[PDB]
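I have placed the structure first, in the form of structure tokens, so that the comments after it can refer back to it.
Nothing in this text is a laboratory measurement; each read-out follows from the coordinates by a stated rule.
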Amino acid sequence: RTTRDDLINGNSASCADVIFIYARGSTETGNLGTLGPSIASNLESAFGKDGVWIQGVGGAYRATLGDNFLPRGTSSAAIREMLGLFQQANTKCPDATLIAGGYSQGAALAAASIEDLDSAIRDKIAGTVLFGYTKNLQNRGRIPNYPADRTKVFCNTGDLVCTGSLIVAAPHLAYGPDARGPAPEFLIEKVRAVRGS
């Protein structure tokens, strides 16, 4: 449920049309955590199990408490891992549309990875959703080097990490409805738009 390695376990002979790469928050289990499974279920509904590959960022991304305090909100190894998956997706399935997402530390991670991402693969990222984006204030609600029309940030009122703090209040753990509704809806919308549908 909370771990999905569709990409790693993915066969180039049987590529999916859409590949979703998601990064969990600090301390979350699996490679998807609490919000990932919700987003995954909706994409599967719109693209069928065979149409989309769900891949969480595991491996070197340990989703450590201390890494939130590093300059970019996460570690260099974590950024390397996610970068590595965008590259694996582009190699195995050059025609698949890419979409991404992250929550809390995973949000800062998604943002750093996309920022460091080679233009070409980045251009393939139809849309990205970020919940409780820890660098929201610092990056002005954007992902550096990634267009605003493709970025959607879910930052609750009262969520202190969205306004420059590294402290958690109730609003930070209240993204469940966003992950079950608005978030996958935005992702499905952008994918359809790029593939035409």
**Fill in**
Row for region 1-148, column shape: gyration tensor on C-alpha, a ≥ b ≥ c, rounded if a/c < 1.5 i.e. under 1.5, prolate if a/b over b/c, else oblate; value prolate
**Message:** In whole Hz and in residue order, list the ³J(HN,Hα) couplings for region 139-152 that follow from phi through the Karplus curve 6.51 cos²θ - 1.76 cosθ + 1.60, θ = phi - 60°; x for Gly and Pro.
**Reply:** 9, 6, x, 10, 10, x, 6, 10, x, 5, 5, 9, 9, 9
**Item:** Those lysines that a straight Cα-Cα span of less than 23 Å connects to residue 190, excepting residues fewer than 8 apart in one chain
**Value:** 49, 92, 124, 152
**Complete:** A chain fully extended from residue 3 to residue 46 at 0.36 nm per residue, minus the present Cα-Cα distance, gains in nm 13.4 nm
**Message:** Test of understanding: in a Gaussian network model of the chain with alpha carbons linked when under 10 Å, which of 169, 111, 63 would top the mean-square fluctuation ranking?
**Reply:** 169
**Message:** Taking the 0 to 90 degree range and rounding to the nearest ten, how far is the long axis of helix 182-195 tilted relative to the main principal axis of the chain, both from C-alpha atoms?
**Reply:** 40 degrees
**Item:** Separation between Cα centres of region 62-117 and region 130-145, rounded to whole Å
**Value:** 14 Å
**Fill in**
Across 113, 165, 104, the residue with the highest GNM fluctuation in the chain (Cα network, 10 Å cutoff) is 165
**Prompt:** Using only helices, what value at 222 nm comes out for the chain when you add -39,500 (n - 2.57) per DSSP H run of length 4 or more and divide by the total residues, to the nearest 500 deg cm²/dmol?
**Reply:** -10500 deg cm²/dmol
**Item:** Estimated vicinal HN-Hα couplings, Hz - region 153-169 in sequence order (Karplus 6.51, -1.76, 1.60; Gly, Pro = x)
**Value:** 9, 9, 10, 4, 5, x, 7, 3, 6, 7, 10, x, 10, 10, 10, 10, 10
**Request:** Output ³J(HN,Hα) for region 120-129: one whole-Hz value per residue in order, computed from phi by the Karplus curve 6.51 cos²θ - 1.76 cosθ + 1.60 with θ = phi - 60°, and x for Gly and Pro.
**Result:** 3, 6, 4, 4, 7, 7, 4, x, 9, 10
